[PDB]
Amino acid sequence: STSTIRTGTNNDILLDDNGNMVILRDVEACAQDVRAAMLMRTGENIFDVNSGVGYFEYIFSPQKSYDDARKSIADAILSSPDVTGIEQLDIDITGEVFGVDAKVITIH
Amino acid sequence: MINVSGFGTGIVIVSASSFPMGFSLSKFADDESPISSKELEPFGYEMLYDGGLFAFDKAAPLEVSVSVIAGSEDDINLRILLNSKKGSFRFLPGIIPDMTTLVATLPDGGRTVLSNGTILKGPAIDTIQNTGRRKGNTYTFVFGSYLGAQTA
Amino acid sequence: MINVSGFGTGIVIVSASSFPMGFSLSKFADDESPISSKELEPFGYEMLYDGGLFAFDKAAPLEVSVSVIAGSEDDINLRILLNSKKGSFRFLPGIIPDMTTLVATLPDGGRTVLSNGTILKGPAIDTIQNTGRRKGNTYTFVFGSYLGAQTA
Amino acid sequence: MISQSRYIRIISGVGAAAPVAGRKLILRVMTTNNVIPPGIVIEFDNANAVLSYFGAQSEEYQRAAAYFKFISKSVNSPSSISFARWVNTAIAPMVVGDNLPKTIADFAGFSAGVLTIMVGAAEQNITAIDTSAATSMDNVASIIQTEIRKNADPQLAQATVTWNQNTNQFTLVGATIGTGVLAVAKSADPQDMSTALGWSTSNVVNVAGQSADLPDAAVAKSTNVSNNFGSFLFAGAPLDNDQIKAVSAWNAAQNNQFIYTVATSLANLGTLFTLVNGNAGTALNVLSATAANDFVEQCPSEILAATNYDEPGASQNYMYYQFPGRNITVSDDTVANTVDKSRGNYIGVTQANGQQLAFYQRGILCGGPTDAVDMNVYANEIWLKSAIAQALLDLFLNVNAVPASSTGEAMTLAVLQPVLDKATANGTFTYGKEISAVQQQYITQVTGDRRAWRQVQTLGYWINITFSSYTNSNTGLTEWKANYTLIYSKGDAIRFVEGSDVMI
Amino acid sequence: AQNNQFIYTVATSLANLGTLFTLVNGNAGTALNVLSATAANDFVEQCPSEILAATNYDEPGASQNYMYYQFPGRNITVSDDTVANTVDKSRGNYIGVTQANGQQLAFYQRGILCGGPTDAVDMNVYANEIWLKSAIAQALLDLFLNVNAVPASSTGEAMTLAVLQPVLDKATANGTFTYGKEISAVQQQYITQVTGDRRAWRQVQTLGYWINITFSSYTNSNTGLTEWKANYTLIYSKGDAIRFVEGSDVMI
């Protein structure tokens, strides 16, 4: 149902050849929204603290469990207007890279 | 004349993750039974109040037991298989981690394949009898599906 | 030509407080089994109403029995371990107070180490059989951390 | 001020993304377009890429658009397509080597000393070419063309050049047709065009002049280049009966590998069926004379390419799918009976009053009595053969040696087990079907063992392994080979329904 | 010349890195830091030392990454991608800003060290090795001090292994050992080459370490007499810290 403005690979407004902003319809808007939410990180949002992803307190820092990072990412993927439920989460952690993979569920 | 000798048989075991290519068993113990199994009970029955009989279908597993000489290569391979923990790695949906397949060849030529199962109990360290030697280590498997091919 | 003799086996036991350095076992009884263990059973299984199979992981301890000649000094040391009380001396977190480590050497060269465990049960006074001979005392241990070392 | 991308990278992407490793059951199209080089095959993952490469006017865009916008019962799409070229007339040698957008009119300032080198029957050099003007790329092409015409070597005497705008490459075409080979080599002179121009630089396609070839030879060469496809066809003008017969025979030479689909008119079925009776692997479709083609023959290829074999319950039926875009052909019962006796495929209409619905009915496929007739069985066998071959090659490549003893037999069975399990999961194997007496005799005749029919009835398959020795033709030596036999109960799909009802 | 004993930390300007790296290429155990010419020194080079001295090894979960720590006092040096790539290729450490906006936050960038291919590069591995060597030496000296004689037989070397055991327990609880890691073919061959035993890589993959004890005989240089020595080999899977996070997303 929701909508948003398309952005490029870098998070800037992308204009078509004609020179018009495009209001993306659903589904694709869900993809852009969930990507942006996952990129947000906590503490940056003025007027709403404790929202985002606790990277420096749950992933980059040495940890005991790693479950808390999973909880934080699961919450961040939610709170989107159209996201209903989360199907998969992986958290690979191989070598140096911290693998993450997810598939979401939407009404539309 | 029927030849029921067991000499010359062989076993090949394939594991999904720990042993993707599989190994072979050849050294079978002497004091204990080399290959053993429990009875299969896929059927049941119930009585009616008029004196009749009714028969239905039941779910039943299959258990197999093997024994090898202590200190051989097969013993340590099975020890590795036992010590592998199912908590690690991943699996395809509805597949069970480390689906271990066993293929047994009879001397005459007949054979059998067993799948959808895993090892579940074995020794950890060697046992010493009062006579001064070491017991033959025994391991127990379980399987969900099987087959039969007794022609060669 | 595979040698499975148990001659020349030695065991060293070290404790946290009772024997900070530890002692050695060399006099093993004759009528009883000098060393033995129960079966390690670290996997389970469940049946689904469909008819399939499911396997999981559950906790499993490890038990060891050791027997020595009555009247030897090794029997005395094991009696000291049995008589020591957990409630005594000091404590520090997460160590199973007075943790005991056992190291056993096979004659061939195989070795194994067991930790996170303590003595469990044993005799208090000697017994005499109808033949007039003192019985061989037996002691039972339990271990939680099987270190899978089997180096040659 | 440093990018969060170098610390955190999320790729996102639209849903319904399924990575796949294995043989692709995708469509391949043989075309007579001049843009595609003869010896190279190309693939595309989207209709937009096809539009960029070819353009809206070309009918290949129409074919791709029809192909891509298909959805199966389980939501899936072909997600790939293959293209290859067939040459029906003798052609002059040519070269082409550019794909990246290098052309932004950089020839300005390069007028002095153009020393491009051409390698052919006789080594020859090119005079300096003025390019500092750089008015337009077609002007540049004309200039280089004139400079080449200044030479006297006959294949370059009447040479031409072309520039395409959708795809960015320069083409050189010789004069003589059907014979000759050209090549281009860079020089040590920094002031050169060949380094900047596409050809003579890394991946460059070169073409040798050669006479026209029969279509079967063309498809054979295309397969020799690559064979990762299924259900090919011929685009453009309809082929002649003899050519179609030859192609069908060549396809039958391959033992159940691909599907040959053709489009024919209703009045033409009588001729083809007699000619191409038997020769399994060929599909006949009815084409409407009155209306536009609407590309009916793609339907089996789309259905086949849509399905995936990793998920359970993959086996599908071809009898009832609806294509809204296509046009209805037949509406009479007797006409349908005649076409059925002629063993053809079509789209039959029913109702057309209040509602209207039609579907591609006959899932049958021409062939001999021995080979499988219905199409789903054919596709399942294709997938099964691919899987078995891959498993056996993996076994050979991993283990160091396979002894010619019972242990080797055990290893082969152990390797084959997972493929059989997946096959039972898909639905290519089926269980519970009853066996007739003649079928039981046939089974016992094929494999020397009796009582195997019981296992093919209950479990669904039966396999055996046997190793022997033989001598090969190329060398007098002898080797050891393994023989296996596989029998299974074919999958089936609902086609007709019987009912009955009584009130007591 | 010392083997994994200390860390040498120096300060230099990015104009000087081009020549200094070539001189001290290899020579594991030294750290390179970038110093700002314009502003005050602010003692940038003390950061790895401060981080190393802060940690303790008795409690569990001690091993920590070095590339995410914020020093408010220090001053920012680099703010471009190209210069960062050049410095990284030169194997240098610095405090780089990534925000330069309403809020400000930078961090020590890389925890790498100059050294040869064989020796460990990351700092955390280096520190863990230092602690491990110290602990092993202390345990062995306690063994010799508290025992009247260590026989050159099986029993004595079993005693040695039993004495080492608590140190490896502390290490595996600490975080310097890692379990469940994947092993490549080249690494498996390397392990089988280092120790004559095959199937040790299974032990390394499962528990994270593998040990062996062997005693032999030799003669010392100072005196012509002969003596008995014990040789032991230890192989373990090094710890790791998160550096880069890579993710994916699918709508369905």
# chains A, B, ... in the order shown; residues from 1 in each chain; ligands from 1

call {"tool": "residues_around", "arguments": {"residues": "stretch 133-140 of chain D", "least_positions_apart": "5", "cutoff": "7 Å", "atoms": "only C-alpha atoms", "output": "PyMOL selection string"}}
result
chain D and resi 105+107-108+163

call {"tool": "calpha_fit_rmsd", "arguments": {"fixed": "chain B", "moving": "chain C"}}
result
0.7 Å

call {"tool": "interface_residues", "arguments": {"of": "chain E", "to": "chain D", "cutoff": "6 Å", "atoms": "only C-alpha atoms", "output": "short mmCIF file (atom, residue, chain, number, x, y, z; two decimals) with N, CA, C and O atoms, in the first residue's frame"}}
result
data_model
loop_
_atom_site.label_atom_id
_atom_site.label_comp_id
_atom_site.auth_asym_id
_atom_site.auth_seq_id
_atom_site.Cartn_x
_atom_site.Cartn_y
_atom_site.Cartn_z
N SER E 79 40.38 11.60 5.46
CA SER E 79 38.95 11.61 5.19
C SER E 79 38.62 11.30 3.73
O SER E 79 37.59 11.76 3.23
N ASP E 80 39.46 10.54 3.04
CA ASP E 80 39.23 10.22 1.64
C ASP E 80 39.43 8.73 1.41
O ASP E 80 40.17 8.07 2.13
N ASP E 81 38.76 8.21 0.38
CA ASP E 81 38.87 6.78 0.09
C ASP E 81 40.21 6.44 -0.54
O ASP E 81 40.82 5.42 -0.19
N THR E 98 34.35 9.15 9.23
CA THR E 98 33.39 8.72 8.22
C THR E 98 32.11 9.53 8.25
O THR E 98 31.20 9.23 7.46
N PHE E 244 34.25 -6.71 8.59
CA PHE E 244 33.37 -6.29 7.52
C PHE E 244 32.09 -7.09 7.60
O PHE E 244 32.13 -8.30 7.83
N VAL E 245 30.95 -6.43 7.43
CA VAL E 245 29.65 -7.08 7.49
C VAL E 245 29.01 -7.02 6.12
O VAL E 245 28.90 -5.94 5.52
N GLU E 246 28.61 -8.18 5.61
CA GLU E 246 28.02 -8.30 4.29
C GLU E 246 26.68 -8.99 4.44
O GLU E 246 26.58 -10.03 5.09
N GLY E 247 25.64 -8.41 3.83
CA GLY E 247 24.30 -8.92 3.99
C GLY E 247 23.55 -8.93 2.67
O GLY E 247 24.00 -8.37 1.67
N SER E 248 22.40 -9.60 2.69
CA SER E 248 21.53 -9.68 1.54
C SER E 248 20.09 -9.63 2.02
O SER E 248 19.80 -9.80 3.20
N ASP E 249 19.18 -9.39 1.08
CA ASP E 249 17.77 -9.29 1.41
C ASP E 249 16.96 -9.70 0.19
O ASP E 249 17.31 -9.35 -0.94
N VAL E 250 15.89 -10.44 0.43
CA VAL E 250 14.97 -10.86 -0.62
C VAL E 250 13.55 -10.59 -0.14
O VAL E 250 13.20 -10.95 0.99
N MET E 251 12.75 -9.95 -0.98
CA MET E 251 11.37 -9.65 -0.59
C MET E 251 10.55 -10.91 -0.41
O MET E 251 9.64 -10.93 0.43
N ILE E 252 10.83 -11.95 -1.18
CA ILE E 252 10.17 -13.24 -1.00
C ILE E 252 10.90 -14.31 -1.80
O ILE E 252 10.94 -15.47 -1.39
#

call {"tool": "closest_atom_pairs", "arguments": {"of": "chain B", "to": "chain C", "cutoff": "7 Å", "atoms": "only C-alpha atoms", "output": "JSON lines"}}
result
{"residue": "B:59", "atom": "CA", "partner": "C:51", "partner_atom": "CA", "distance": 5.2}
{"residue": "B:86", "atom": "CA", "partner": "C:57", "partner_atom": "CA", "distance": 6.9}
{"residue": "B:96", "atom": "CA", "partner": "C:54", "partner_atom": "CA", "distance": 6.9}
{"residue": "B:120", "atom": "CA", "partner": "C:43", "partner_atom": "CA", "distance": 4.8}
{"residue": "B:121", "atom": "CA", "partner": "C:41", "partner_atom": "CA", "distance": 4.3}
{"residue": "B:122", "atom": "CA", "partner": "C:40", "partner_atom": "CA", "distance": 5.5}
{"residue": "B:123", "atom": "CA", "partner": "C:39", "partner_atom": "CA", "distance": 5.3}
{"residue": "B:124", "atom": "CA", "partner": "C:40", "partner_atom": "CA", "distance": 6.4}
{"residue": "B:127", "atom": "CA", "partner": "C:36", "partner_atom": "CA", "distance": 4.6}
{"residue": "B:128", "atom": "CA", "partner": "C:35", "partner_atom": "CA", "distance": 5.6}
{"residue": "B:129", "atom": "CA", "partner": "C:33", "partner_atom": "CA", "distance": 5.2}
{"residue": "B:130", "atom": "CA", "partner": "C:33", "partner_atom": "CA", "distance": 4.7}
{"residue": "B:132", "atom": "CA", "partner": "C:6", "partner_atom": "CA", "distance": 5.5}
{"residue": "B:133", "atom": "CA", "partner": "C:5", "partner_atom": "CA", "distance": 4.8}
{"residue": "B:134", "atom": "CA", "partner": "C:4", "partner_atom": "CA", "distance": 6.0}
{"residue": "B:144", "atom": "CA", "partner": "C:53", "partner_atom": "CA", "distance": 6.0}

call {"tool": "write_last_selection", "arguments": {"atoms": "N, CA and C atoms", "output": "PDB file, in the first residue's frame"}}
result
ATOM      1  N   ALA B  59       4.142 -47.348  13.029  1.00  0.00           N
ATOM      2  CA  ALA B  59       5.427 -46.798  12.622  1.00  0.00           C
ATOM      3  C   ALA B  59       6.533 -47.440  13.443  1.00  0.00           C
ATOM      4  N   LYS B  86      25.660 -32.703  16.026  1.00  0.00           N
ATOM      5  CA  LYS B  86      24.640 -32.240  15.093  1.00  0.00           C
ATOM      6  C   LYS B  86      24.313 -30.764  15.249  1.00  0.00           C
ATOM      7  N   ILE B  96      17.206 -33.929   7.967  1.00  0.00           N
ATOM      8  CA  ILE B  96      17.978 -34.417   9.114  1.00  0.00           C
ATOM      9  C   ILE B  96      19.459 -34.157   8.867  1.00  0.00           C
ATOM     10  N   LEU B 120      23.953 -43.498  16.933  1.00  0.00           N
ATOM     11  CA  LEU B 120      23.414 -42.942  18.167  1.00  0.00           C
ATOM     12  C   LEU B 120      24.058 -43.408  19.467  1.00  0.00           C
ATOM     13  N   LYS B 121      24.900 -44.439  19.488  1.00  0.00           N
ATOM     14  CA  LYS B 121      25.576 -44.784  20.733  1.00  0.00           C
ATOM     15  C   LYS B 121      26.815 -45.611  20.437  1.00  0.00           C
ATOM     16  N   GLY B 122      27.840 -45.438  21.265  1.00  0.00           N
ATOM     17  CA  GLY B 122      29.084 -46.153  21.113  1.00  0.00           C
ATOM     18  C   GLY B 122      29.990 -45.968  22.311  1.00  0.00           C
ATOM     19  N   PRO B 123      31.091 -46.710  22.354  1.00  0.00           N
ATOM     20  CA  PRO B 123      32.061 -46.526  23.433  1.00  0.00           C
ATOM     21  C   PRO B 123      32.894 -45.277  23.210  1.00  0.00           C
ATOM     22  N   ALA B 124      33.468 -44.779  24.299  1.00  0.00           N
ATOM     23  CA  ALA B 124      34.355 -43.626  24.250  1.00  0.00           C
ATOM     24  C   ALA B 124      35.812 -43.974  24.489  1.00  0.00           C
ATOM     25  N   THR B 127      37.915 -50.747  26.842  1.00  0.00           N
ATOM     26  CA  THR B 127      37.636 -51.566  28.010  1.00  0.00           C
ATOM     27  C   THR B 127      38.605 -52.738  28.032  1.00  0.00           C
ATOM     28  N   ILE B 128      39.045 -53.125  29.225  1.00  0.00           N
ATOM     29  CA  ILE B 128      40.009 -54.204  29.388  1.00  0.00           C
ATOM     30  C   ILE B 128      39.377 -55.312  30.215  1.00  0.00           C
ATOM     31  N   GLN B 129      39.296 -56.507  29.638  1.00  0.00           N
ATOM     32  CA  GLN B 129      38.814 -57.670  30.364  1.00  0.00           C
ATOM     33  C   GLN B 129      39.852 -58.120  31.382  1.00  0.00           C
ATOM     34  N   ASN B 130      39.430 -58.996  32.294  1.00  0.00           N
ATOM     35  CA  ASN B 130      40.362 -59.554  33.263  1.00  0.00           C
ATOM     36  C   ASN B 130      41.395 -60.459  32.609  1.00  0.00           C
ATOM     37  N   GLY B 132      43.138 -59.716  30.129  1.00  0.00           N
ATOM     38  CA  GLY B 132      44.244 -58.877  29.735  1.00  0.00           C
ATOM     39  C   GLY B 132      44.171 -58.293  28.344  1.00  0.00           C
ATOM     40  N   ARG B 133      43.044 -58.417  27.656  1.00  0.00           N
ATOM     41  CA  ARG B 133      42.896 -57.879  26.312  1.00  0.00           C
ATOM     42  C   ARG B 133      41.794 -56.827  26.299  1.00  0.00           C
ATOM     43  N   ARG B 134      41.526 -56.286  25.117  1.00  0.00           N
ATOM     44  CA  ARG B 134      40.592 -55.184  24.952  1.00  0.00           C
ATOM     45  C   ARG B 134      39.314 -55.669  24.287  1.00  0.00           C
ATOM     46  N   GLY B 144      15.493 -45.078   8.841  1.00  0.00           N
ATOM     47  CA  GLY B 144      14.081 -44.874   8.603  1.00  0.00           C
ATOM     48  C   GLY B 144      13.589 -45.562   7.351  1.00  0.00           C
TER      49      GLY B 144
END

call {"tool": "select_by_dssp", "arguments": {"residues": "chain C", "states": "strand (DSSP E or B)", "output": "PyMOL selection string"}}
result
chain C and resi 5+10-14+23-25+28+35-37+40+43-47+53-57+62-68+101-105+111-121+128+134+137-147

call {"tool": "decode", "arguments": {"residues": "stretch 65-98 of chain D", "atoms": "C-alpha atoms", "output": "compact mmCIF listing (two decimals), in the first residue's frame"}}
result
# COMPACT_ATOMS: atom_id res chain seq x y z
CA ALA D 65 8.30 -10.40 -24.69
CA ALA D 66 5.87 -13.27 -25.25
CA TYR D 67 8.33 -15.75 -23.72
CA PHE D 68 9.14 -13.86 -20.55
CA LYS D 69 5.64 -12.82 -19.39
CA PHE D 70 4.51 -16.30 -18.36
CA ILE D 71 3.52 -17.55 -14.91
CA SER D 72 3.01 -21.19 -13.96
CA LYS D 73 0.69 -22.57 -11.28
CA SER D 74 3.54 -22.29 -8.83
CA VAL D 75 4.74 -18.75 -9.39
CA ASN D 76 7.76 -19.06 -11.68
CA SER D 77 9.22 -17.52 -14.82
CA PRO D 78 11.70 -18.72 -17.45
CA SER D 79 14.34 -16.23 -16.22
CA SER D 80 16.65 -16.95 -19.18
CA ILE D 81 16.84 -17.29 -22.96
CA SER D 82 19.46 -18.26 -25.53
CA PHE D 83 20.18 -17.02 -29.05
CA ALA D 84 22.28 -18.36 -31.89
CA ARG D 85 22.74 -17.66 -35.59
CA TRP D 86 22.13 -19.81 -38.66
CA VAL D 87 23.71 -18.84 -41.98
CA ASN D 88 21.69 -19.75 -45.06
CA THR D 89 23.79 -17.89 -47.66
CA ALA D 90 27.50 -17.64 -48.39
CA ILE D 91 29.04 -14.77 -46.44
CA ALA D 92 32.22 -12.70 -46.59
CA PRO D 93 34.73 -12.81 -43.71
CA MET D 94 34.26 -10.22 -41.00
CA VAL D 95 35.61 -9.06 -37.64
CA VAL D 96 33.98 -7.53 -34.56
CA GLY D 97 35.37 -6.92 -31.11
CA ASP D 98 33.58 -4.21 -29.12
